[PDB]
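Participant:
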Amino acid sequence: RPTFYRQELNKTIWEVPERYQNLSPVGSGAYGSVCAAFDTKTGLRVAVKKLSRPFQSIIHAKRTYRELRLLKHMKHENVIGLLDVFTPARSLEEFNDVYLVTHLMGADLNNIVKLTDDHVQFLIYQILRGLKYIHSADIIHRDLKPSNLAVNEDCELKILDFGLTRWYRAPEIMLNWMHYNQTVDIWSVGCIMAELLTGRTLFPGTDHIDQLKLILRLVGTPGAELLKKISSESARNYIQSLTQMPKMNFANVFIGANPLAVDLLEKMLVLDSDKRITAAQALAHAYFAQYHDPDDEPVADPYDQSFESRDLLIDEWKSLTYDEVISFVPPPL
Ligand SMILES: O=C(Nc1cc(Nc2ccc3c(c2)CCc2ccc(OC[C@H](O)CO)cc2C3=O)ccc1F)c1ccccc1
Ligand SMILES: CCCCCCCCO[C@@H]1O[C@H](CO)[C@@H](O)[C@H](O)[C@H]1O
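Residues 5 to 118, 122 to 171, 185 to 353 in UniProt numbering are what the sequence shown spells out, letter by letter.
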């Protein structure tokens, strides 16, 4: 076992192996803070995430386990991958802290697009390619948005925070539809791509109701065929007593855009999620012919999400997470 050194960083303590040097705060999220570090074994800059209160509750404990399991499973160029996982603890009894190490990207899409058609083409292409891979493990992201997309200087992109604002969320989510298909994520890609080409948030709702009014404005109120599929009297009545809008012409909306990007946006931003282009299909659209290679667009090994339906004790989630830490086998490059 390596030796750790301790350090106070923004009210939080950081205890990490000595192989990781020059720790400096990049920022903090909902469930952890992330530091930039140097990795003396590789000469590379890494991202080190310390989990905040990983076992505070049963849902936190299960959330901690979930993140570790997801991260150990992803082996793809366009999805965040695990370099290292460590804890300063010598035993299970000690176990109370988790640190995760990934490649340091240097920015998120928020930071870089605030683009040119070729930039957009390349970024969306890579998003779609990582999604194809995630979707193939029967994993749904559910919160794709620019702040979840890590991009470096070479314009290479990795999807972060993937599996389980409202500006990017599919309409079937803000209505709390029971279940979702994978193409909830295609909607979000539609919204991101739109923003990249225009400079503006496609649907900047003030809330879930406003948000929805903006979507139906671009896309049109659902017709009887989509209405056939809505059980909820609540949901269905609102829509039916609503101000019937027609579907706008996208050519008009996105005046100036590559028409091949206008066409893809048209196939992504369908209200009926059964009618949305999938990630596979999108990769083969004409907009991406200069990046698209069928034989370099991989799918994932089967992902066991059975733990998700299980209701266990904190100590059980904590101990499962520990097993995951200990069995971690690094990537060779
Ligand atoms: O993604 C899951 N877990 C997870 C997430 C992360 N998150 C990361 C990583 C890298 C980066 C960012 C966020 C943020 C964008 C960004 C901005 C500035 C920057 O450098 C600026 C500074 O000036 C350097 O010079 C670097 C980066 C960056 O590179 C890190 C480790 C993890 F483990 C997960 C997966 C599944 C389920 C739950 C969670
Ligand atoms: C009010 C505007 C939003 C209504 C249209 C969103 C419906 C999305 O589409 C629906 O998604 C469901 C999964 O969530 C599928 O099971 C349905 O087959 C599909 O029609």
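Think of the CB as a built atom: it goes at the ideal place given N, C-alpha and C, for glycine as much as any other residue.
If you run the structure through DSSP and keep just helix, strand and coil, what is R57?
Facilitator: Here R57 sits in coil by DSSP.
Participant: Measuring alpha carbon to alpha carbon, tell me which residue in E328, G210, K267 is nearest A281.
Facilitator: Measuring from the Cα of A281, the nearest candidate turns out to be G210.
Participant: Of all the options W197, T341, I131, which has the alpha carbon lying nearest to the alpha carbon of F90?
Facilitator: The residue with the shortest Cα to Cα distance from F90 is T341.
Participant: Quick one: measure Cβ to Cβ for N159 and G110, integer angstroms, because I've assumed they're closer than 8 Å.
Facilitator: About 5 Å; that satisfies the 8 Å criterion.
Participant: Let me confirm a value: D321 is counted as buried when at least 16 other C-beta atoms fall within 10 Å, else exposed. Which label applies?
Facilitator: Counting Cβ neighbours within 10 Å, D321 comes out exposed, since fewer than 16 surround it.
Participant: Provide the residue span of the alpha helix (DSSP H) that contains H126, from first to last.
Facilitator: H126 -> alpha helix (DSSP H) spans 124–142.
Participant: For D168, count neighbouring Cβ atoms within 10 angstroms of its own Cβ and tell me buried if that reaches 16, exposed if not.
Facilitator: Its Cβ being crowded by 16 or more others within 10 Å, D168 is buried.
Participant: Quick one, which of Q11, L86, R296 has its alpha-carbon nearest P191's?
Facilitator: Closest by alpha carbon: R296.
Participant: Here's the rule: buried if 16 or more other CB atoms are within 10 angstroms of the residue's CB, otherwise exposed. What is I212?
Facilitator: Label assigned to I212: buried.
Participant: Of the residues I334, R23, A271, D145, which one's Cα is nearest the Cα of residue 355?
Facilitator: Because residue 355 is not part of the residues shown, which for the chain are 5 to 353, the question remains open.
Participant: Whole angstroms is fine: what's the gap from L262's alpha carbon to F327's?
Facilitator: Rounded to the nearest angstrom, the two C-alpha atoms are 41 Å apart.
Participant: Taking all protein chains shown into account, do 16 or more other C-beta atoms lie within 10 angstroms of the C-beta of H199, making it buried, or fewer, making it exposed?
Facilitator: Counting Cβ neighbours within 10 Å, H199 comes out exposed, since fewer than 16 surround it.
Participant: In three-state DSSP terms, what is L96?
Facilitator: Correct three-state label for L96: coil.
Participant: Which residues mark the beginning and the end of the alpha helix (DSSP H) in which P279 is found?
Facilitator: Start and end: 279–288.
Participant: So, for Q264: in the same chain, excluding its five sequence neighbours on each side, which residues have a beta-carbon less than 7 Å away from its beta-carbon?
Facilitator: Cβ neighbours of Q264 beyond the five flanking positions: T241.
Participant: Sort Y132, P266, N100, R94 by Cα distance to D316 and report the nearest one.
Facilitator: Looking at the Cα atoms, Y132 is the closest of the given residues.
Participant: Going by Cα to Cα distance, which pick from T44, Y307, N100, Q325 is closest to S339?
Facilitator: Minimum Cα distance to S339 is reached at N100.
Participant: Using the three-state DSSP reduction, which class does residue 360 fall into: helix, strand or coil?
Facilitator: A query on residue 360 cannot be resolved here, the shown segment of the chain reaching from 5 to 353 and no further.
Participant: With respect to 6 Å, is the separation between the Cβ of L27 and the closest non-hydrogen atom of ligand 2 below this value?
Facilitator: Result no, Cβ not under 6 Å from ligand 2.
Participant: Please tell me whether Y307 and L284 are closer than 7 Å, where the distance is taken between their beta carbons.
Facilitator: For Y307 and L284, yes; Cβs fall inside 7 Å.
Participant: Find out if the Cβ-Cβ distance for the pair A277, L135 is shorter than 7 Å.
Facilitator: Result no, Cβ atoms of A277 and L135 do not sit closer than 7 Å.
Participant: How about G47: is its Cβ closer than 6 Å to a heavy atom in ligand 1?
Facilitator: No, the beta carbon of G47 sits no closer than 6 Å to any heavy atom of ligand 1.
Participant: Cβ-heavy atom distance between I84 and ligand 1 below 6 Å?
Facilitator: Result yes, Cβ under 6 Å from ligand 1.
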